[PDB]
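Data block below; observations after.
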Amino acid sequence: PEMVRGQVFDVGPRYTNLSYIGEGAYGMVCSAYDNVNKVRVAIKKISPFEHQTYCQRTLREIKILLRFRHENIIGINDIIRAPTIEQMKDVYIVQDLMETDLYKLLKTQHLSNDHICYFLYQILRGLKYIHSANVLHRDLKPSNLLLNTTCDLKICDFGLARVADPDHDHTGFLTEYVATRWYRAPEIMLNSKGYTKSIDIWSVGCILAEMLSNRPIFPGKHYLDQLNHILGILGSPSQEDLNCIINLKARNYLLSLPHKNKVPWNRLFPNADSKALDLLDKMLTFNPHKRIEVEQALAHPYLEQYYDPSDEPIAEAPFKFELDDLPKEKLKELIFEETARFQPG
Ligand SMILES: O=C(NCc1ccc2c(c1)CCO2)c1cc(-c2[nH]ncc2-c2cccc(Cl)c2)c[nH]1
């Protein structure tokens with residue numbers, strides 16, 4: 001068996017000539033040559049069976065990506081694992097191989113307005129399909145946007161994805177949240193569980209702002225610092241937007257703050273396209289009910305060169321799963337059963 005960065009990567013005989021790409025807490029990704037299709041692929045080794053959270057994320061992603069098929073969404077081409085539950089210590093997911101990601105690009109590359117326009121179009125085109133399946137990504141950020149040498153974009157990492165549940169979205173003030181801080185919508189810190197489509201739109205808005213200047217727009221250093229960065233730019237919420245927040249602790253926190261004026265988008269982004277800033281404003285709307293939806297965003301004048309709703313496909317049916325109260329052993333069983341279709345037997 002081939003070894004990489006001092007770890008076993010037993011994917012053979014089908015996949016050979018492994019080269020390191022990157023890694024996570026419970027996984028590792030390598031590039032490898034597919035001997036059947038005669039192409040280099042990306043292989044993600046995951047070792048999640050020791051922690052139930054890692055099992056839940058592994059299972060959510062495998063189930064979703066096996067039902068999804070879209071040009072702007074990473075696929076699962078094959079799954080390698082041992083033939084029995086007992087012998088299965090790791091799972092290997094064979095996926096699209098991509099040269100870079102938007103996090104990597106933004107560290108060193110200035111994006112032309114045409115690149116920002118095309119990247120945003122592909123993000124929203126992929127997002128339309130995800131939302132049409134009644135699924136929320138819930139962790140959109142530049143490192144979850146993969147790009148190949150011709151600028152084709154694919155959304156990856158569905159580990160934190162959920163089925164949309166807008167009727168059970170309300171919660172208390174400063175409620176614990178898992179998704180990446182800098183891309184969190186203001187309502188997460190105030191009264192939302194992140195169970196509505198508007199949560200993904202906010203993250204896309206943050207990504208657009210980051211593409212315009214190569215810097216995250218709201219780089220909070222801790223939980224409540226995130227809301228203060230957002231308010232620092234949007235300004236104080238209006239009476240109407242406050243009246244939509246019925247939770248007293250959340251509302252009174254906003255009321256306790258001195259008045260702050262909105263920082264104009266053309267002051268933060270003086271070289272940006274005016275149509276891009278108009279769309280940014282609509283994605284970065286404080287009130288999640290007033291926030292632009294993915295299909296409206298696609299129809300915005302800024303994306304007129306690409307907009308074609310007949311070439312922006314939707315899922316063949318909504319998604320339906322309950323993994324919250326399932327032990328790591330039972331989740332191992334479901335990972336085994338979900339990956340059975342790829343075994344030679
Ligand atoms: O699933 C992918 N990315 C998210 C991810 C990566 C590692 C990991 C977890 C999630 C949970 C535990 O460990 C993924 C990326 C790719 C990919 N294809 N081509 C390049 C890349 C890639 C680019 C940058 C970093 C990494 Cl890890 C991979 C394929 N799948």
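Here, residue 1 is the first one in the sequence, and each next residue gets the next number. Order of listing sets the numbers, starting from 1, for every ligand and every atom in it.
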Using a 4.0 Å cut-off to any heavy atom of [X], which atoms of ligand 1 qualify?
X      : result
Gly27  : 12 (C), 13 (O)
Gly22  : 27 (Cl)
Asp96  : 18 (N), 19 (N)
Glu23  : 27 (Cl)
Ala42  : 18 (N), 19 (N)
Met98  : 18 (N), 19 (N), 20 (C)
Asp101 : 24 (C)

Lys/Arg N to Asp/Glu carboxylate O, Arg81 vs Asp90, below 4.0 Å:
no
Could you tell me whether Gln343 atom CD has more than 12 heavy atoms of other residues or ligands within 6.0 Å of it?
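Counting other residues, nucleotides and ligands, CD of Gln343 exceeds 12 neighbours.
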I'd like to know if the side chain of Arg40 and the backbone of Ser31 have a donor-acceptor N/O pair within less than 3.5 Å.
yes
Quick check against the 3.5 Å criterion: does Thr285 have a side-chain atom that pairs as donor or acceptor with the backbone of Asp281?
yes
Evaluate the ring planes of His70 and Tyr129, with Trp represented by its six-membered ring, and classify them as parallel (under 30°), tilted (30 to 60°) or perpendicular (over 60°).
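Rings of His70 and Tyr129: tilted, 30 to 60°.
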Describe, in one word, how the ring planes of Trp265 and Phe269 are oriented to each other, choosing from parallel (under 30°), tilted (30 to 60°) and perpendicular (over 60°).
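Because their plane-to-plane angle is under 30°, the rings of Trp265 and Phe269 count as parallel.
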Minimum distance, heavy atoms only, to atom 2 (C) of ligand 1: which one of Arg40, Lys44, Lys45 is it?
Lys44
Measure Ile74 to ligand 1 on non-hydrogen atoms and call it side chain, backbone, both or neither using the 4.0 Å cut-off.
side chain
